[PDB]
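S.K.: FYI, in the deposited numbering the residues of the sequence shown are 1 to 109.
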Amino acid sequence: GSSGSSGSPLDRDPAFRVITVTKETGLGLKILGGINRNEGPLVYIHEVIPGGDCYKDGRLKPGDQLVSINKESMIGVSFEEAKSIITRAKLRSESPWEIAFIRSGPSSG
Numbered sequence: 001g002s003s004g005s006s007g008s009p010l011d012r013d014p015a016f017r018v019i020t021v022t023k024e025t026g027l028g029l030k031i032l033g034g035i036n037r038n039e040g041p042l043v044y045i046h047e048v049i050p051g052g053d054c055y056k057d058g059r060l061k062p063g064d065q066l067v068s069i070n071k072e073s074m075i076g077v078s079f080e081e082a083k084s085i086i087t088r089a090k091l092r093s094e095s096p097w098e099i100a101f102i103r104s105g106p107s108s109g
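Okay, here's the thing in structure tokens:
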């Protein structure tokens with residue numbers, strides 16, 4: 001059957017949500033954590049820079065756990081890497097920004 005449980009490096013989350021942010025100038029998003037950093041190994045939104053693509057979206061916020069941007073991996077990655085991807089992303093292209101993270105919170109009742 002299936003083997004694992006206890007603990008694992010990679011494993012898609014149940015509340016894993018994926019959205020898209022209208023790309024115009026560039027990502028303009030900050031990340032936190034890093035297998036080397038203290039906030040890691042998980043990666044989260046350090047802060048939404050005022051004047052970015054996501055900034056306008058709002059869907060995302062500072063503190064949310066990221067998963068992958070554009071088409072890379074943010075889970076269990078190097079703080080510099082995740083950040084290196086944003087600026088390395090397509091940028092100034094035609095397709096929007098592929099944002100993947102986990103969404104889940106108390107709503108109503």
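Beta carbons are placed, not taken as given, at the ideal position from N, Cα and C, and that holds for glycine.
Let me know the secondary structure DSSP gives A100 once reduced to three states.
M.R.: In the sequence shown, the residue the question calls residue 100 occupies position 100. If DSSP states are grouped into helix, strand and coil, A100 belongs with the strands.
S.K.: Starting from the Cα of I19, find the closest Cα among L60, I31 and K83 and give me that residue.
M.R.: Working through the sequence shown from its first residue, we reach residue 19 at position 19. Looking at the Cα atoms, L60 is the closest of the given residues.
S.K.: Just how far apart, CA to CA, sit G63 and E47?
M.R.: As a working mapping, residue 63 is identified with position 63 in the sequence shown. As a working mapping, residue 47 is identified with position 47 in the sequence shown. In a straight line, the C-alpha of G63 is about 8 Å away from that of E47.
S.K.: Could you give the distance in angstroms between the alpha-carbon of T22 and the alpha-carbon of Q65?
M.R.: Position 22 of the sequence shown, counted from the start, is the residue given in the question as residue 22. Position 65 of the sequence shown, counted from the start, is the residue given in the question as residue 65. In a straight line, the C-alpha of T22 is about 20 Å away from that of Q65.
S.K.: What residue from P9, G4, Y55 and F16 has the CA that sits closest to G76's CA?
M.R.: In the sequence shown, residue 76 corresponds to position 76, counting from 1. Of the candidates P9, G4, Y55 and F16, the one whose C-alpha sits nearest the C-alpha of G76 is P9.
S.K.: For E24, I'd like the list of residues in its chain whose CB is within less than 8 Å of its CB, leaving aside the five on either flank, ordered along the chain.
M.R.: As a position in the sequence shown, residue 24 is number 24, starting the count at 1. Around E24: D53.
S.K.: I85 and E72: beta carbons closer than 7 Å?
M.R.: Taking the first residue of the sequence shown as position 1, residue 85 is located at position 85. Taking the first residue of the sequence shown as position 1, residue 72 is located at position 72. Going by C-beta atoms, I85 is nearer than 7 Å to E72.
S.K.: Out of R88, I69 and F79, which has the shortest C-alpha to C-alpha gap to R17?
M.R.: To locate residue 17, count along the sequence shown from 1; it is residue 17. For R17, the nearest C-alpha among the options comes from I69.
S.K.: Among the residues of its own chain, which have a CB less than 6 Å from the CB of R37, if the five just before and after it don't count?
M.R.: As a working note, residue 37 is residue 37 in the sequence shown. So the qualifying residues of the chain are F79.
S.K.: If you compare alpha carbons, which of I49, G26 and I99 is closest to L91?
M.R.: If you number the sequence shown from 1, residue 91 lands on position 91. Of the listed residues, the one whose Cα sits closest to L91 is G26.
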